[PDB]
There are 4 protein chains.
Amino acid sequence: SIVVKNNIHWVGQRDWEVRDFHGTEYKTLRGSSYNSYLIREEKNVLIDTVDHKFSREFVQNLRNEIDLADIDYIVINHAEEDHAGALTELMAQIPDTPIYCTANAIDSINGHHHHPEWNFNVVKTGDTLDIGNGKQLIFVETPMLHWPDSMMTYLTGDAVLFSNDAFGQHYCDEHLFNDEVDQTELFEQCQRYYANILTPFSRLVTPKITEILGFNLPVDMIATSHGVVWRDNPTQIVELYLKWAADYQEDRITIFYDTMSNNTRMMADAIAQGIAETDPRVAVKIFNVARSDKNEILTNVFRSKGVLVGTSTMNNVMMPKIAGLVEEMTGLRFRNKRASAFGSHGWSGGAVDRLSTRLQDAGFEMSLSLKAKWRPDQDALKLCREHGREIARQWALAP
Amino acid sequence: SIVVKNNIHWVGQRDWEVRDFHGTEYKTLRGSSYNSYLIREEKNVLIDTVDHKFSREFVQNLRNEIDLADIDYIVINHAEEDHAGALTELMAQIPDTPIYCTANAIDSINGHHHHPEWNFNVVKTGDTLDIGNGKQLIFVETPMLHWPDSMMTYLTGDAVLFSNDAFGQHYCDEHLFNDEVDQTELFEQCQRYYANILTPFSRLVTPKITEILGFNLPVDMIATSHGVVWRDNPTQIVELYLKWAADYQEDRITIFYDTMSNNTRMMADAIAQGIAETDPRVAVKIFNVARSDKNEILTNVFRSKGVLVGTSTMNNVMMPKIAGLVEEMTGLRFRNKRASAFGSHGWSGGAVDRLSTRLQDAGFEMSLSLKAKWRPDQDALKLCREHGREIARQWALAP
Amino acid sequence: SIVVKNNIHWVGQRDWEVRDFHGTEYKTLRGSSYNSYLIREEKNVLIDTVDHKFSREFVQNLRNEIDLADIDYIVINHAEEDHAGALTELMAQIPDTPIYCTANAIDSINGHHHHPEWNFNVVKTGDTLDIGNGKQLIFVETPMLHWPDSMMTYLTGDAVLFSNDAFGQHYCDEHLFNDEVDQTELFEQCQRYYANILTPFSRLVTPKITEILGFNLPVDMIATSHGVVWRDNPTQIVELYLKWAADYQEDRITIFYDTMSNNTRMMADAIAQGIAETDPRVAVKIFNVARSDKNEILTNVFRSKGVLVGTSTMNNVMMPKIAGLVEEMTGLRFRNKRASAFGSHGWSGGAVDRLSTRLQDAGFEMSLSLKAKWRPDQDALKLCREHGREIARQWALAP
Amino acid sequence: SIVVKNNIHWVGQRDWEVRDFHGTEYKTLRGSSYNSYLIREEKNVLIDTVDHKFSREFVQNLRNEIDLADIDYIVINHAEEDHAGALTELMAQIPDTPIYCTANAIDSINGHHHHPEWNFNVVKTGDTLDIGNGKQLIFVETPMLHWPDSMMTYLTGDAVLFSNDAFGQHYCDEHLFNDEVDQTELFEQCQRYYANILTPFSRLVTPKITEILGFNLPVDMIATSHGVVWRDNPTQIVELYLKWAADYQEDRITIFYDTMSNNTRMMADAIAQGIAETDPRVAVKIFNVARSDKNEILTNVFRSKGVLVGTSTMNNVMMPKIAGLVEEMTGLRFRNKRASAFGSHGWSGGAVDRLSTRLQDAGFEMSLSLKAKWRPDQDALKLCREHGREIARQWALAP
Ligand SMILES: Cc1cc2nc3c(=O)[nH]c(=O)nc-3n(C[C@H](O)[C@H](O)[C@H](O)COP(=O)(O)O)c2cc1C
Ligand SMILES: Cc1cc2nc3c(=O)[nH]c(=O)nc-3n(C[C@H](O)[C@H](O)[C@H](O)COP(=O)(O)O)c2cc1C
Ligand SMILES: Cc1cc2nc3c(=O)[nH]c(=O)nc-3n(C[C@H](O)[C@H](O)[C@H](O)COP(=O)(O)O)c2cc1C
Ligand SMILES: Cc1cc2nc3c(=O)[nH]c(=O)nc-3n(C[C@H](O)[C@H](O)[C@H](O)COP(=O)(O)O)c2cc1C
Ligand SMILES: C[As](C)(=O)[O-]
Ligand SMILES: C[As](C)(=O)[O-]
Ligand SMILES: C[As](C)(=O)[O-]
Ligand SMILES: C[As](C)(=O)[O-]
Ligand SMILES: [Fe+3]
Ligand SMILES: [Fe+3]
Ligand SMILES: [Fe+3]
Ligand SMILES: [Fe+3]
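Residues numbered from 1 in each chain as written, not as in the entry; some residues may be left out. Chains lettered and ligands numbered in written order. Heavy atoms only, no water.

- Its PDB header attributes the entry to X-ray crystallography and lists the resolution as 1.90 Å.

Here is the structure:
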């Protein structure tokens, strides 16, 4: 365990090895951590647990900190298995202990653990739980940030916001605090997290932060459920989220494609050359989706004013990894971004139009598509470079 | 080089290392080979080249066999880069050498190599090229088996059918002939090849084989462009293709899914238990698409009377790898097969219906979907097992 | 659960998804299963549990079969986590239940579970446990097949040998019995298992099987801890093990290497051509260790009369993946096999001699090494082919 | 092509897709590029070519820039295939063109291309080649930075140092200059490159840089063979190399291991906790070698004052991936670093001592090893944490 502040004790778990979250949909190249907190005032409160894979360790470690029967209340901000995953093993030892959570969390907790007999206590925004010594917890519902069950818990006096997933990041380090870790790595992990997980809930971010601030509660620390506790200039992460939620983009274009014989790759490289020659302000990145980290592609899309996506025609349809990434983007809801589809074909083609239609349906504002037959010769590569120049001109930011 | 028969010399390339074809769409776990043949009669004829990656070796090796200027004719059955990939380097040495190919192959050859000045000679089915000593080549067009440019070349007297991709397989071995290799491995590779590449052209297979047989030409050997030369009971591969083309299926069900927290996996396992208990005749296979070889999944689909496909709901859409595999299956055109969609959701769901509609559009005859919320408890697992029992009963073959 | 025979009930777990065992040292491309058996006579006996990852399911499923308090005895044949992994969760419900195991298993069980207070009962070979109705269990110690704690348990009357890891295989199927599954796949998985895991204990295999047979106990079934129950001609797997233990080899040579710029790959391919031309009886396989399944390489080594291993020189040492595989082979103890080291270098070299010395130390009988500088030209490739011809002649089996 | 300065034209190749160099020994997660330069004064000089995979493109692109017959001289700084890989295709068009290179480069060029008839001109340090308009090239031999053939070429007047591999990095971007790319990414790639490739030649770095500076030649730009041209404060990369060569280390400890059942992982995590609690100045990183990027582990080792390496005992030897990484480290020659070996065992063990001996032989100054049996309980984890505390105290930097 590690002291957070006063009588707040981090009793979580670092996970150096973990490389896959949500099946294989989110790759954690710097591992992760699962933060749980024990507050010891007149009442003893446990905030969240840890991933199910560490259930045994979590309960044994908690015993080393406190006799389990001395825990008064358990707060579950969110019932995804990376936070409530040790709850069944803990509850087996202290079956009657009250659990405080949102109404939706009863559904999600029962959904995973199947113990509807536990003593649940529904909390709504503004509800309070007194823990003594002039301190209390104030609950704030945050539905769809990022699950229906989600909430945050604020501790008065100590002025700590327990934000669960919000403001967190998958970044394993033995140091608990934000000022103690490498800043470049920290912020890279924060942005990858927002881009890949929170983008579709962006419309909910500014209203919820606005609501919380209107409570006029001081924030000395933000203790999230993943990665660092924000204790040096904690509002920095809040301000980033406000920037990130507003249909964020930089002067940046991302190009990604799949290819069977490199023809669409040659088109992509020519497009990039045309962009770079025409508007040097623009940062350009190119990825082969079959050979690159998918989450890195999506973080780039999030950061970009526009994208070009490429596929050849394969059995009259799109290449499968491109079809999958377009499905995924549809669910992520990127906004205010432009796109252009491109690709090669051997005879009747069709995949480029099929792709451009799905990109439009995903919310991208479409420019003209670029098509070529078989392998582009010198003449065709010139047309590909010009497509890049024309896309750069059309998408250029104001001087 | 290796003697095929009489004056036919294999001058190809074995590829022990290759693991990816068509980008990463076809995984060659036993490597591959690229067969090219040099026939030396009164005229010298080269049939096909090899993959572009071995262009230097191919030309140097061919020089070891024959002075390049002594080659009279070049036959290109098919211009995909794994067979015509060394053509530019060869043609640079002997620029005026005549090339015999289909009309469509002029387009595809020019498409890849950009030398429209080469001396192309269009051949149609039944056209002949005399090479002396009472032998000649007879060309047979085979459009869309598997490209518009595809054809086969038959050599009279020696009675050898050069079938290019047809009847071939990706299976690297130093032994050239079918009777010289491991039979289980050979036939596994043949079926994986047909299932993953030729399924969508199945309707063309029986008419083309019927046409070729109606020529009343003896076949002593079938010399393909990948893997073994069929010289012991060569019609065995032809008969397999006739079986494979007729909307082939065995008494077999394939279950595949993706999952973020294992809920859909639990459903899949319960379904399988219900099937196995109800109809023991049925071979059942289960795959997590995020953790398994995709081509092996598709070979199983090809072999199956039906499939169950599973996904959870992720950001109101399907899991991406499932969306991609459904796109791919749509292009493959499986026929006479049944399906049932299944999966878990947390709140409003939607992915199962989205999946079932796309499976129907891909040609599967749909049975009822199976849905569950969060993690299935004992009661829900019973419903999943019963879904399996009911699917087994509905899809059962006649006693 | 599934009936094995009479009152023996399979209460295990199928694992369709698992792809890695022992870290990543053993890849299970066809999944696996964990077999546990409940015998219900006058006494109720549980034989083994399942992998720790399925602990919750195992106990819940066992409850569906029997009230936990009705279990009289628990037999633990082997305490590796894939079999005793659910023991802590089970013992928490029935703390006083007697456990029967070898002396060494007390050490290994306490080693993993840390409950030395459990009621252990040491069994030695020939000890018996009466379970009523004229049936009893007879224990047979099998130390280092494959752990110090290992044993088998034989059930009289029903004539079932519970062999735990021995005779098992990682092969997931819903059908329990050997006659119900695909035979090619079954035997492939059995051999991969023996080659990769049991080879170093081969010297113990023939004496232990000899001892068991000398008991004159009928064997109607062999119920292992992984994969199928052998009930049709069960001695078939026993006879295979006797063949496999006797320093098994076929007329087969395996070539494997790593390479930075393909020079050692070119040497390997030339060597193979020389072998194939010289002794057509020999099955040859070639693997790039950086691009191939390591367990498949080792299964081939096991099946081979000899191996050639290749590395270039990298920073005055061997390429790392080759150093690792030689370490692993040293621990596996291959016997009666021949080897030859080969590779390329740029200047002073040294890796080939370094490799040949380690192969000798691993137990291989060494033939001359083959060395080349940079990329082999035509002359050097001739020398590589001749090395193959000479190796084939030297290692040839009798006519 | 892109203008570098005055009459110097970049005529290289960007490689967005490439992910593997030197087999799979160096992973390029941000791609790479191959820089070649054409200088057009009174004489026309080509400096280097590009990777063999882009040979066709390179020659076609060069034709677009200049008639091949107008090239006067070719300079080959280094004959590895990523730079001289297009030389055979270029030389086929202009066979008589003089090549300037080191004596050793004749051996390496002939080694790869097998055209000893080409007109080679040996250059030694200080030799000059006049190209007119008051400019000339001055050659500087740099043997073993990083091959025997390596050299740099300096262009007077324009004051550009063509350093080939030295000062380069694998970092693909359409922008050519150092001030035009993301600085964090650039410097990350520079350090990964030095750590993984140049560490063993560190002793040669300070003398060669000292020699070059003693020439009193102004340096306006450093045009390397990979990544950016250094044109803004170009000496920044030179100063980094001087820091990196001096047995570089930060206040940082790297822990890495392999594990079959997570016991050694538990030890590693406890060790890390002890370090972090004892000396908060120290940055700690932990990697499972079977699940992490190997080059990232080695970059961390390079940056570290010490390492702890972990393995269990497997068949009386070390786990193979650990044996391979120790072989690789032996060749890399890390200096002034401390180490401690650790790991778990089941019975007789031996792998930890085996590992500690090899680490000592690799140049690490050894502290005591840490050993545990099976899975560490609470008592054993305390000993592991204390090992961490004791290692932190011993290795602490001065206050
Ligand atoms: C397996 C396969 C299936 C194909 N199916 C089609 C098709 O249905 N329609 C078409 O016009 N071209 C088809 N082609 C041709 C490719 O689209 C053509 O080779 C294209 O130039 C490839 O571009 P790429 O190298 O970027 O993949 C197919 C090619 C392959 C290898
Ligand atoms: C990233 C993510 C996004 C989700 N989006 C939705 C959604 O849009 N609608 C819904 O009903 N459930 C959604 N869920 C809930 C899952 O569908 C629910 O956890 C389900 O039981 C998971 O099944 P699985 O373990 O097989 O993946 C989401 C879950 C995650 C982790
Ligand atoms: C990173 C690296 C390190 C090398 N170290 C050595 C060395 O220490 N001694 C030597 O003689 N050659 C060394 N070489 C040269 C290679 O051994 C030479 O290129 C060889 O032909 C490569 O064979 P391969 O393509 O099979 O890897 C090295 C090459 C590279 C790329
Ligand atoms: C395949 C295998 C081989 C083993 N060989 C040995 C051995 O030779 N000597 C020994 O003392 N323990 C041996 N063991 C036991 C392990 O060292 C023991 O389980 C250890 O605690 C594993 O540590 P880990 O989880 O970090 O891999 C072996 C274990 C396995 C699975
Ligand atoms: C069980 As109590 C009275 O310590 O909350
Ligand atoms: C060029 As000729 C006459 O040998 O075909
Ligand atoms: C606890 As009993 C008497 O059923 O073995
Ligand atoms: C061939 As010249 C005279 O242009 O160097
Ligand atoms: Fe108040
Ligand atoms: Fe005739
Ligand atoms: Fe008796
Ligand atoms: Fe001068």
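From this point, the narrative continues.
Points about the relation of the copies chain B and chain A
Then, in step 1: Mapping chain B onto chain A calls for a rotation angle of 180° and an axial translation of 0.0 Å; the resulting RMSD is 0.0 Å. Taken together, these values place the two copies in the relation of a two-fold axis. Judged by C-alpha distance, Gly 324 of chain B is the residue of chain B that lies nearest the rotation axis, at 2.2 Å.
Then, in step 2: Interface residue correspondence from chain B to chain A reaches 100%, placing this contact among same-surface, isologous pairings. (Least-squares fit on C-alpha atoms. Contact = heavy atoms within 4.5 Å.)

Observations regarding the site of ligand 4
Then, in step 1: Looking at ligand 4, there are 21 residues lining it, with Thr 259, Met 260, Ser 261, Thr 264 and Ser 344 of chain D nearest.
Then, in step 2: Around ligand 4 the close residues trace back to chains C and D.
Then, in step 3: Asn 316 of chain D is positioned such that a nitrogen or oxygen atom in its backbone is 2.7 Å from an oxygen atom of ligand 4.
Then, in step 4: Backbone polar atom of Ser 348 of chain D to an oxygen atom of ligand 4: 3.1 Å apart, as the coordinates give it.
Then, in step 5: Taken by itself ligand 4 offers 660 Å² of open surface, and the protein chains cover 96% of this.
Then, in step 6: Among the secondary structure elements, those contributing two or more residues to the shell around ligand 4 are α7 (263-278) and β21 (338-345) of chain D.
Then, in step 7: Of the residues belonging to the shell around ligand 4, the class tally is five nonpolar, 15 polar and one charged. (Near = heavy atom within 4 Å. Polar contact = N/O pair within 3.5 Å; in protein donor to acceptor, adjacent residues only side chain to side chain. Areas by Shrake-Rupley, 256 points an atom, 1.4 Å probe, with all protein chains shown as cover. Helix = DSSP H or I, 4+ residues; strand = E, 2+ residues; numbered from the N terminus. Nonpolar A, V, L, I, M, F, W, Y, C, P; charged D, E, K, R; others polar.)

Concerning the domain arrangement of chain A
Residues and elements named next belong to chain A.
Then, in step 1: Here chain A is partitioned into domain 1 (1-246) and domain 2 (252-394).
Then, in step 2: Distance from the C-alpha centre of domain 1 to the C-alpha centre of domain 2: 39 Å.
Then, in step 3: Each side of the interface is counted separately: domain 1 has 13 residues, and domain 2 has 14 residues.
Then, in step 4: The contact between domain 1 and domain 2 buries some 1200 Å² in all, and 49% of this surface belongs to carbon and sulfur atoms.
Then, in step 5: Counting the surface domain 1 buries against domain 2, the share from its top three residues, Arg 192, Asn 196 and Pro 200, is 40%.
Then, in step 6: Linking domain 1 to domain 2 there are two salt bridges.
Then, in step 7: One salt bridge in this structure joins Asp 293 and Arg 192, with 3.0 Å as the shortest N-O distance. (Domains from an automatic or database assignment. Buried area = accessible area lost by both parts, 1.4 Å probe. Salt bridge = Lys/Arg side-chain N within 4 Å of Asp/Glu carboxyl O.)

Some words on the relation of the copies chain C and chain B
Then, in step 1: When chain C is fitted to chain B, the residual RMSD is 0.0 Å, and the transformation amounts to a turn of 180° plus an axial shift of 0.0 Å.
Then, in step 2: The share of interface residues of chain C whose copies in chain B are also at the interface is 100%, consistent with both copies meeting through the same surface.

Some points on the environment of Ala 105 of chain C
All names here are of chain C.
Then, in step 1: Secondary-structure assignment places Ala 105 in helix α3 (residues 103-113).
Then, in step 2: Overall, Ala 105 belongs to the buried group, its relative accessible area being 0%.
Then, in step 3: Separated by 25 residues in sequence, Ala 105 and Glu 80 place their C-alpha atoms 9.6 Å apart.
Then, in step 4: Sequence-distant contacts of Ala 105, defined by excluding residues within four places in its chain, comprise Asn 110 and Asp 149. (Buried < 20%, exposed > 50% of the residue type's maximum accessible area, 1.4 Å probe, protein only.)

Overview of the interface of chain C and chain B
Then, in step 1: Contacts between the two partners involve 36 residues from chain C and, on the opposite side, 36 residues from chain B.
Then, in step 2: Between chain C and chain B lies a buried interface of about 2900 Å² when both sides are counted; carbon and sulfur atoms form 39% of it.
Then, in step 3: By the criterion of area lost to chain B, the three top residues of chain C are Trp 16, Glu 17 and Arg 265 of chain C, representing 24% of everything that side buries.
Then, in step 4: Remark: the boundary between chain C and chain B carries eight salt bridges.
Then, in step 5: Residue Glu 185 of chain B pairs with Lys 285 of chain C through a salt bridge whose shortest N-O separation is 3.0 Å.
Then, in step 6: If you look at where chain C meets chain B, you find 12 residue pairs in polar contact.

Side note on the site of ligand 3
Then, in step 1: Taken together, 21 residues lie around ligand 3, and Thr 259, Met 260, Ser 261, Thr 264 and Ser 344 of chain C are the ones closest in.
Then, in step 2: At the site occupied by ligand 3, nearby residues are drawn from chains C and D.
Then, in step 3: Here an oxygen atom of ligand 3 sits 2.9 Å away from a polar atom, N or O, in the main chain of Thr 313 of chain C.
Then, in step 4: A distance of 2.8 Å separates an oxygen atom of ligand 3 from a polar backbone atom of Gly 349 of chain C.
Then, in step 5: For ligand 3, whose unbound accessible area comes to 650 Å², protein coverage reaches 96%.
Then, in step 6: Of all the secondary structure elements, the ones that give two or more residues to the shell around ligand 3 are α7 (263-278) and β21 (338-345) of chain C.
Then, in step 7: Its residues assigned to classes, the shell around ligand 3 shows five nonpolar, 15 polar and one charged.

Quick word on the pairing of strand β1 (residues 2-5) of chain C
Then, in step 1: In terms of strand pairing, β1 of chain C meets strand β2 (residues 8-10) of chain C through three bridges, oriented antiparallel. Bridge pairing in β2 of chain C places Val 3 of chain C opposite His 9 of chain C. (Pairing = 2+ DSSP bridges.)

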